[PDB]
Amino acid sequence: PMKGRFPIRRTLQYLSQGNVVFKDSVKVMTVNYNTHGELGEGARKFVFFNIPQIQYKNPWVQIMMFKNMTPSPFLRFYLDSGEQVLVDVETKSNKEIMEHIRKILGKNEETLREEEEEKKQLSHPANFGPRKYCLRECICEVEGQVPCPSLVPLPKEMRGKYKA
Amino acid sequence: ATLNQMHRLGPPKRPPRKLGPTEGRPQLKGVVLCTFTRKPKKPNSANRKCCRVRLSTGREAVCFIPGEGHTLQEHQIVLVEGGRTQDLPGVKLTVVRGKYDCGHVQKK
RNA sequence: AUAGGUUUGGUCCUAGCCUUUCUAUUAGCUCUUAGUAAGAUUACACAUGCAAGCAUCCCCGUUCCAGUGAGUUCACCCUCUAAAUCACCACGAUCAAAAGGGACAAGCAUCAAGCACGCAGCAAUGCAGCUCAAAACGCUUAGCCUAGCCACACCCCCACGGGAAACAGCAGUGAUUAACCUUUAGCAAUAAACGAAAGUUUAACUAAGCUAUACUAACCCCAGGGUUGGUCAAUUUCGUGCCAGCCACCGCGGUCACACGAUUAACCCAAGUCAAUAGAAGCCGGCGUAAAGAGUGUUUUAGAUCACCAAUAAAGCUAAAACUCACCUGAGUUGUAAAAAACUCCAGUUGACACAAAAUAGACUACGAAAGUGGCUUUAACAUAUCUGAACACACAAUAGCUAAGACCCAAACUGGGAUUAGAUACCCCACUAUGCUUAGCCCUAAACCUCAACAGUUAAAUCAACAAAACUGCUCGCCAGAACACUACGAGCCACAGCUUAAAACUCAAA
RNA sequence: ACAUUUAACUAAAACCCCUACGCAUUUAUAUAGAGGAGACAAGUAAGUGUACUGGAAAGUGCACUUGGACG
Ligand code: FES
Ligand SMILES: [K+]
Ligand SMILES: [K+]
Ligand SMILES: [K+]
Ligand SMILES: [K+]
Ligand SMILES: [K+]
Ligand SMILES: [K+]
Ligand SMILES: [K+]
Ligand SMILES: [Mg+2]
Ligand SMILES: [Mg+2]
Ligand SMILES: [Mg+2]
Ligand SMILES: [Mg+2]
Ligand SMILES: [Mg+2]
Ligand SMILES: [Mg+2]
Ligand SMILES: [Mg+2]
Ligand SMILES: [Mg+2]
Ligand SMILES: [Mg+2]
Ligand SMILES: [Mg+2]
Ligand SMILES: [Mg+2]
Ligand SMILES: [Mg+2]
Ligand SMILES: [Mg+2]
Ligand SMILES: [Mg+2]
Ligand SMILES: [Mg+2]
Ligand SMILES: [Mg+2]
Ligand SMILES: [Mg+2]
Ligand SMILES: [Mg+2]
Ligand SMILES: [Mg+2]
Ligand SMILES: [Mg+2]
Ligand SMILES: [Mg+2]
Ligand SMILES: [Mg+2]
Ligand SMILES: [Mg+2]
Ligand SMILES: [Mg+2]
Ligand SMILES: [Mg+2]
Ligand SMILES: [Mg+2]
Ligand SMILES: [Mg+2]
C-alpha cells in the first residue's frame, strides 16, 4: 500500500479540497507550534493536515514552520504593505483555525466565482483551432456546411483539377 | 525505502538500451569476405551455412544464410537483418534472401 | 495487464528472458479505383533555371516569407524602458528590444571540491570573503514546454579580418544511407512588399504531378501475405533421416516428422501481409537463507513524534607446571600401533628458580559500542533525562602481517633428520626458526554472525509460502533491483607497494 | 598604446591605434609487445581471514564460525 500514516493527504483530491485562497496581500505565513502539550493539539493537526492544502492553493506564499520556540502556538501572516497579522491558535481545533484564517485573509466565494467567469471568457466557443484550445478545428465540422474533402469528396465542379 | 529517501534519490534512472549488431537499424548493407560453415552447439548437429561480411559501418561480422542452397561468393553485396541464430553462438545477423546478389531459394 | 510460456525427479518462493496489444521506418512478396493527409538518410558537394520588387527620380522593401536541427537552459513571469503602429498636439494604449530579479532538459559523484568564484565605502581604500553531497566545478547526450517557440544561415562561436567561393528557398543532381516526389502552372483566392490609386511582383501560397506511408469510400471481372507442436486460431499425403533444414521462448529432425522441403486442407488479416529495427507500457517492492542491515560508536545540516560479577588503562605481586643450576643415587632416557632417529653435559628424589600462561570456581551468563574480557592488590574509570543520524568526517577494531629494540619456558608456519609409500615437497617421531610475549609505531582484514539495522509500540487479526528465530505496526538511516564477467579492470584515497576501501563496462546465457 | 584642427555675410568640412598561437594545452586514433574474461570443446568434517612452502595440484601454522559428528 501507500507509505506513511494518512496517505490520503498525498492525493491531488485531498490537496485540492482546501478552501483557503489567500488574498494577494499575504506573502509569508509562519507557523509556530509545539510538538507536545494538549493545548496545542489542533495546531499540530493544522500542521499535519491543512498546511499541504494551503500551500497547494497558494503556491507563491512562503510557508515556514517553527517548533518549540514559544510556550504557545500562533500563526503570523506578513502582508505586502508591511502589516503583520497575529492569530492565537491555542485551544483551537484545526478546523477552527482554517475557518478563522479563511474569514480574516481568505478570498470570499464571490471573488473566486468572478475569477472563474473571467477565465471562462478566454476560451471563446466560437473560435476555431486545435483541440487543445478550441472546441472545433474547422467549420466543416458544423452540420449543414460543406464537409471535409477527406471524408466526403467534393463535386467535380468545385475542384480546381476539373475547373482548369 | 522511506519517502524521504525516495525524494532524495528521485525517479528511477533507466540505463540506455543496448544497441544490437545492427546498431539500432533495420538492415545493413555488407560485402561478403568469405563463406564457410559452422557447427551447432550440441543438443543439435548440422553444418550451418555462414559468411563473414564487412558491413557499411566498417565492422566485420558473421552472418547466417537461411534457406536451402546459396550462391554467395566473395566481393558480393548482401543485405543483413537482425535476429539471432539460436543454434550458433555469436551469430546475431541474418542475410536477407532476394536482395542484391543473394537470390531467393530455388523451388524444391 | 484479466495475463501467459520458460529453471526442478517433484512442490513452493524469488528472479530474469520471451509471448499476446498499438504505432513509425525499412526489407521480402503482392497490389484495382476515387478523395484527403504526409513525404532525402546526410549542417556532405552542387551543373542548370527561377525564388524581390515597387515607384514621377527621393525613399521604402529585399532584416519579411521560405529552409534546416549543427549548436544549445537567449524562449516563460515581473521591473524598467528603446525602436514600431495608432492617437500622431500629447495624455496614453498596443507591441516589443537592451538592462535588472525569478524560473527553466537528460545521464555520469569512478566529475568532490571550484580557485577569486564576495562584501563594505563618494572615492581613497578596508575586510577575506563567495559556490558546493539539498550536487558547485566538470564530461557526455539532446532542438524544445509544438495555435507555436529557440538556434543557425559554408567554415573560423562572432565576422573588422581570414579560409574560400557556399541550394539547411523551389525544382533538380552527384556521392552517401536500410532510407530515394515533378528541373508543373498561376498570381484567380489569402498573405507579404510598394504605390494616393487603378494596380505590379512573389517557387509564400493556390491548383496540379509522383509515392500503399496513413485515413475515408468503393469495386463490373479481379487476392495476396503469413501461419497451422505448446504459449496461440488452424495439416492430409509423400520426400529426407541429427543430413537437408526450422524456431519469438520452450524446442523439432536418428524410417509412423501434425515442428524441415513439396503437396492437400485449414486458420488470421487483407490491398495488403509482417521479417528486422525503434518506440509506446515499470520500482509506494524488498534486505536471516534467493540481490540487499555494508565489524563498532558519536555527531553535523536536518528529519521523526517514540520528547556488585570476566569493561578499559596503569603500576606492583604469585599459587601450580616448566626451563636452568647443585648434591645424592642409577645406566640408560626419549620416542609408539610398531620402529628408527635423538640424547646419554641422560634419567629419579630433594632444594633454589620467569618480561611465558593464568586448574578448580564456571552446571555461572556477567562487563564492554564492537573487537574482546575469567590469577591477586591498589589508583583512575565505564558519554547523553527525546529518538534517528556517515564506505569517506572523528574515534576504535580478533587472528595473521610489516618496521625498530628487548625477553624466550612452551608451542610452532618454514627448514632439516627418522619412518611409511609406487612416489610423500603431507599425515606419525625428533630438533629448530619467523611468529605467539613487552615497549614505540604501522597495517585495517574475518563465518568481525544472534547470518535478526536503531528507537517506539501491539498480541488483535487469515498467525503463517518454506525453513530458521511466534506474527506484526509506526518512524528513521543504510542498502538492493537476472546470472557471470567481478572480493575483477580503470579512476581516486590511504604509513599500506604481490596491500586495503570504493567499484564498472564489453563479449556470453536463459537461466542463476 | 593614443589625441581638436579648419571654419563661421545661410553653415559646414575634416576623423580610421598596435598586439596572440606556442618545444603551450585537451581529448582521441594507429601501431611493437604483454595479459585477461567469455564461447566452443571435452584417517585427517566443512568453511572465513591472514601468512609461509610449492611450478602447480595442494599442505601446514594462528584466531574465528556451525552453515558438521558426539547413541
Ligand atoms: S479540417 Fe475542415 S475541411 Fe478539412
Ligand atoms: K537434436
Ligand atoms: K517605393
Ligand atoms: K539540433
Ligand atoms: K555559427
Ligand atoms: K494573388
Ligand atoms: K515419412
Ligand atoms: K556464528
Ligand atoms: Mg516469470
Ligand atoms: Mg523442466
Ligand atoms: Mg511492404
Ligand atoms: Mg517610441
Ligand atoms: Mg530582454
Ligand atoms: Mg555519494
Ligand atoms: Mg572508472
Ligand atoms: Mg544534435
Ligand atoms: Mg550547403
Ligand atoms: Mg557564422
Ligand atoms: Mg532543394
Ligand atoms: Mg521513405
Ligand atoms: Mg512562375
Ligand atoms: Mg499537393
Ligand atoms: Mg511444415
Ligand atoms: Mg545473499
Ligand atoms: Mg550486522
Ligand atoms: Mg546518535
Ligand atoms: Mg553515504
Ligand atoms: Mg588490529
Ligand atoms: Mg605482532
Ligand atoms: Mg566474534
Ligand atoms: Mg544505524
Ligand atoms: Mg549506516
Ligand atoms: Mg547482476
Ligand atoms: Mg582490488
Ligand atoms: Mg588456511
Side-chain angles (χ1 to χ4, degrees), chain A residues 1-7 10-11 33-37 40-41 44-45 47-48 59-60 65 67-68 123 127-134 137-138 140 147-156 158-164, chain B residues 1-30 37-49 55-57 62-70 77-100 102-108:
Chain A
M2 293 177 71
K3 294 164 177 300
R5 280 181 311 125
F6 294 95
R10 294 162 39 232
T11 68
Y33 75 105
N34 297 330
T35 52
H36 288 93
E41 180 67 75
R44 279 190 299 277
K45 295 182 187 293
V47 168
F48 191 83
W60 312 133
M65 283 73 74
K67 296 173 74 172
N68 308 305
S123 314
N127 288 5
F128 293 94
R131 200 54 52 93
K132 200 193 146 181
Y133 310 97
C134 302
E137 298 255 354
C138 201
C140 72
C148 197
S150 174
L151 298 172
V152 187
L154 295 171
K156 266 178 154 211
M158 275 163 104
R159 299 169 43 201
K161 176 154 150 208
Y162 299 87
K163 290 185 286 186
Chain B
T2 74
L3 295 175
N4 292 347
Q5 295 176 319
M6 289 163 86
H7 170 67
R8 259 196 85 207
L9 294 174
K13 303 184 199 173
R14 269 68 198 283
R17 281 75 178 272
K18 289 188 59 51
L19 293 173
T22 60
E23 289 134 15
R25 296 165 72 171
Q27 301 97 16
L28 269 168
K29 187 173 73 174
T37 63
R38 267 182 190 195
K39 292 177 71 68
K41 70 187 313 180
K42 275 190 172 292
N44 294 336
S45 49
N47 286 284
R48 305 265 181 252
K49 277 70 177 175
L55 306 165
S56 66
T57 61
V62 177
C63 295
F64 174 65
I65 302 165
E68 291 164 344
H70 74 84
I77 316 297
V78 291
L79 193 73
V80 297
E81 60 180 357
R84 64 180 289 231
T85 313
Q86 293 92 334
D87 291 331
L88 299 169
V91 182
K92 299 184 289 295
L93 289 175
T94 304
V95 182
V96 178
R97 285 286 207 163
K99 191 62 174 195
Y100 303 130
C102 192
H104 283 296
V105 181
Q106 312 318 336
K107 182 67 181 294
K108 290 186 282 187

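We name chains A, B, ... by the order of the sequence lines, and we start the count at 1 in each one. Atom set for the values below is all heavy atoms of this structure, side chains included, hydrogens, waters and symmetry mates excluded.
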Separation of the [atom1] atoms in [N] and [M], to the nearest angstrom:
N       : M       : atom1 : result
C:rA326 : C:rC430 : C1'   : 29 Å
C:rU240 : C:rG261 : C1'   : 8 Å
C:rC54  : C:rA198 : P     : 15 Å
C:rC490 : C:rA413 : P     : 38 Å
C:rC343 : C:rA331 : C1'   : 14 Å
C:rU312 : C:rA446 : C1'   : 24 Å
C:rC44  : C:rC158 : P     : 15 Å
D:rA56  : C:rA395 : P     : 43 Å

field: Per-nucleotide protein contact string for nucleotides 458-465 of chain C (B base, S sugar-phosphate only, - none; heavy atom under 4.0 Å)
entry: --------
message: Counting primed atoms plus P, OP1 and OP2 as sugar-phosphate and everything else as base, spell out the protein contacts along nucleotides 29-38 of chain C at 4.0 Å heavy-atom distance: B, S or - for each nucleotide, 5' to 3'.
response: S-----BS--
Kindly write out the residues that satisfy side-chain contact (heavy atoms from CB on, under 4.5 Å) with [X], not counting sequence neighbours, or none if the list is empty.
X       : value
B:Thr37 : B:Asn47, B:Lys49
B:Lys41 : B:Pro43
A:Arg5  : A:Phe48
A:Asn68 : A:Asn34, A:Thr35

With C1'-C2'-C3'-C4' as the criterion (positive north, negative south), name the sugar pucker of [N].
N       : value
C:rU56  : south
D:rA56  : north
C:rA262 : north
C:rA290 : north
C:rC490 : north

Provide the Watson-Crick or G-U wobble partner of [N], both distances under 3.5 Å; none if there is no partner.
N       : answer
C:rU438 : C:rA405
D:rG35  : none
C:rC152 : C:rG67
C:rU25  : C:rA276
C:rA492 : C:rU501
C:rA191 : C:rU202
C:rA322 : none
C:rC394 : C:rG297

- line: Whichever of B:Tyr100 and B:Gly83 has the more 5' nearest nucleotide on RNA chain C, that residue is B:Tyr100
Side-chain N,O ([X]) to OP1/OP2 ([N]) below 4.0 Å:
X        : N       : value
B:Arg8   : C:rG478 : yes
B:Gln86  : C:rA248 : yes
B:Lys18  : C:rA506 : yes
B:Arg25  : C:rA178 : yes
B:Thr94  : C:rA275 : no
B:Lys108 : C:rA262 : no
B:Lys107 : C:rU263 : yes

- prompt: Rounded to the nearest Å, what distance is computed from the CG atom of residue B:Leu9 to the P atom of nucleotide C:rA133?
  reply: 16 Å
task: Would you mind listing every side chain to side chain donor-acceptor pair (under 3.5 Å) that reaches into residues 80-92 of chain B, with sequence neighbours excluded?
output: B:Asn44-B:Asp87, B:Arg48-B:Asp87
- prompt: Can you list, by residue number, the residues of residues 37-48 of chain B that have a non-hydrogen atom closer than 4.0 angstrom to RNA chain D?
  reply: B:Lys41, B:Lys42
- prompt: Does A:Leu154 offer a backbone N or O that forms a donor-acceptor pair with the side chain of A:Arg159 under 3.5 Å?
  reply: no
Restricting both atoms to N or O, compile the protein contacts to nucleotides 281-284 of chain C shorter than 3.5 Å, with distance only.
unit_1	atom_1	unit_2	atom_2	d
C:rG282	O2'	B:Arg14	NH1	3.3
C:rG282	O2'	B:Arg14	NH2	2.3
C:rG282	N2	B:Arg14	NH1	3.4
C:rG282	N3	B:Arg14	NH1	2.8
C:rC284	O3'	A:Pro1	O	3.4
C:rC284	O2'	A:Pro1	O	2.9
C:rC284	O2	A:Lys3	N	3.0
C:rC284	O2	A:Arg10	NH2	3.3
C:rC284	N3	A:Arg10	NH2	2.6

message: I need the minimum non-hydrogen distance between B:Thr94 and B:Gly83, along with the two atoms involved.
response: OG1-O, 3.2 Å
Reckon [X] touches a base, only the sugar-phosphate, or nothing at all at heavy-atom distances under 4.0 Å?
X       : result
B:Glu68 : sugar-phosphate
B:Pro11 : nothing
A:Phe6  : nothing

Which pairs would a plain distance check flag for residues 8-22 of chain B, meaning a side-chain donor or acceptor within less than 3.5 Å of a matching protein atom at least two apart in sequence or in another chain?
unit_1	atom_1	unit_2	atom_2	d
B:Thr22	OG1	B:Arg25	O	3.0

When you compare the protein's N or O atoms with those of nucleotides 144-149 of chain C, which come within less than 3.5 Å of each other, and at what distance?
unit_1	atom_1	unit_2	atom_2	d
C:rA147	OP2	A:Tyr133	OH	2.6

message: If you apply the rule side-chain contact (heavy atoms from CB on, under 4.5 Å), what do you find for B:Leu93 with B:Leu55, and how did you get there?
response: CA-CA 11 Å; B:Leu93 289 175; B:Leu55 306 165; 4.2 Å; yes
All N/O pairs under 3.5 Å across the protein-nucleotides 303-307 of chain C interface:
unit_1	atom_1	unit_2	atom_2	d
C:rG303	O2'	B:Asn4	ND2	3.2
C:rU305	OP1	A:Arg5	NH2	3.1
C:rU305	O4	A:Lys67	NZ	2.7
C:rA307	OP2	A:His36	NE2	2.9

- prompt: Does B:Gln5 make a side-chain donor-acceptor contact with the base of C:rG478, cut-off 3.5 Å?
  reply: yes
